[PDB]
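So this first bit is one chain, no partners, the form deposited in one PDB entry, shown in structure tokens.
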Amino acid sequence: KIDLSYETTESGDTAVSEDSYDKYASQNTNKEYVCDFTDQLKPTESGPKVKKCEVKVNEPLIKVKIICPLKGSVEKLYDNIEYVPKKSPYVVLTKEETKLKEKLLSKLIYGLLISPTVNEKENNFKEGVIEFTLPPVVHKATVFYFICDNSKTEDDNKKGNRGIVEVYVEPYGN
């Protein structure tokens, strides 16, 4: 199910505009594109920063893996970490008008594989990682998002960062 009343923005409460995001390509090895936020979201003096991992796909059957550190995995570094949507990867965020709202990924990209588990654990951000595999044919350009936000975590005088995943799928196979 989706929460039709949910609305957010890419910048969240950081007040940073997109031109000031730190933007990165996903880590890509063969047909596996990975966004590992474990280190990039840890508290730093300058924080909160926005850390945007761009998963740009123009090839078929790409597997995508996102890694959001769990609260408490390290003593104080992820105290207040939040992920969005809570039901990822079954639910994603897509831009409607100018705001982020929930969408069923299976409806958004027909044929997408969402395995129930990941390394025998639930394919949910509460187990620290989510995975899905894109199909061999995408007819229309599609952009969806995941949020892994540690910007409300304070350690020392340091503050965590807001992580954004943007999956930009170009048409292919047609």
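For every residue, the number given is its place in the sequence shown, counted from 1. So that the term is clear: the rigid core is the largest set of C-alpha atoms that superpose within 1.5 Å between two forms.
The same protein also has a form deposited in another entry, omitted here; what follows describes it.
- The two forms, fitted on the rigid core, differ between the shown form and the other one by 2 Å or more at the CA of residue 15.
- Cα of residue 159 to Cα of residue 8: at least 3 Å longer in the other form than in the shown structure.
- Relative to this conformation, a decrease of 3 Å or more in the Cα-Cα distance between residue 13 and residue 64 is found in the other form.
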